Structures are given as structure tokens and as C-alpha cells.
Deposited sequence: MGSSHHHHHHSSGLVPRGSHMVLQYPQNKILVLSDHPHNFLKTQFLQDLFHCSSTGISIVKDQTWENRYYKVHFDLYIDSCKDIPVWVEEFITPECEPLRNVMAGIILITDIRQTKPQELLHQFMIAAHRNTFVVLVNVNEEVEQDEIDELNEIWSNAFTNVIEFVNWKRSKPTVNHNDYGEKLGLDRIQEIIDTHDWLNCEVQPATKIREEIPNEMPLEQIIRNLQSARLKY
């Protein structure tokens, strides 16, 4: 019934990429974490607005097992407060695209989902093909992004962390107080 302020961002990795996830948090959010934790009342600010959000940092041994738990009725309240979900993984190993249909069915329709690939052998053409499939599949902004990092393509679009920053900047923060 009630739509709670939707101001949580979950950053998840499978166990082998936990350290890279900690570096990602420093680079994008300027958050010096130690591991899995709840970091409250962070500020996301750009030239247009400021909004306050909570960072949820999690880890899992197996992505599908984590997805199964996330999709349950008991986790529905949690899903509904997610502004976004960022998964840091080797997409060749974990193939999160295989779980994405079922994951998105359960997700709140406004939640952004960014799948960050850290496997340096994956070229942008491979990412581009995944984005052609998923970027308009749902109401949600869904994007696969490589992170190693060139920050633009040949058509003047952003890539890398610059792109992820743009996705967060352009997000509609549902029932959050946004200040100029």
C-alpha cells in the first residue's frame, strides 16, 4: 500500500570480487568501507540537486542463491525501497543475464539495475549486444557496463563509471526529498 522512500542503493558482488567492489565504492561513492555493511545518509549530489541515500553493501558465494532469497515475499519490502542495484562480477563466469528476467519481474518497476563486468577480456561489442537485449526490456533502467577504463564511445555516449554516475544522476528518486 504505502510506497516508502525509495533511497537504498545495493552494491553486491560474488565473493571473489569483494575487494574490487570495495575499490568501486571508493571510486563512485567516496566510501571507505571494510566489507558487508549499511552506510546511512550518504549524499548524492550533482549540479542540479542533492538527495540523501543509504548504501547497502552485500556479498554472496553464488549469485543465483542470493537472487532466490531476494525474490521471496519476505524481501518484498526491501525490494520496494531499492533506488538501484549494482552487481560487480565476472559476467562470463556468473552470467547474471540468465537470472535477469526473473529478477526484474520481482523488482520494483523504478529500480535501476547496473551489471558491472570486471572481466577484462570482454569487449564493448559483447556488452553492447547485452544492452540491446535488456536496456528496453522493462520499465527499469538496466545496463551492462565494463569497469577496468575508457569513459566514452565513438558516438559521444558515456561509458565506465562516468556512465554509472549518469544513470544515478538521471534516476527518479521516488518519494525522496530532493533539494536544489
Provide the list of deposited-sequence positions lacking C-alpha coordinates, grouped into contiguous ranges. 1 to 21, 170 to 173, 206 to 233
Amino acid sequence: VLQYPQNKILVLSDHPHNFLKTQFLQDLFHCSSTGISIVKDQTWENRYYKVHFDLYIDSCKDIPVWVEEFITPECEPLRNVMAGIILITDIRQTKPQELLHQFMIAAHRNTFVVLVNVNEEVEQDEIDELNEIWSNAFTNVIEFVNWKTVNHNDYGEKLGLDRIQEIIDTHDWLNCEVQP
From here on, numbers count along this sequence of modelled residues.
Tell me which stretch has the larger mean Cα B-factor in this entry, 40 to 48 or 110 to 118. 40 to 48
With respect to the recorded C-alpha B factors, which stretch has the higher mean value, 157 to 165 or 10 to 18? 157 to 165
Among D58, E126, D54, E143, the highest C-alpha B-factor in the PDB entry belongs to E126
According to the deposited entry, which of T72, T89, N80, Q97 has the largest Cα B-factor? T72
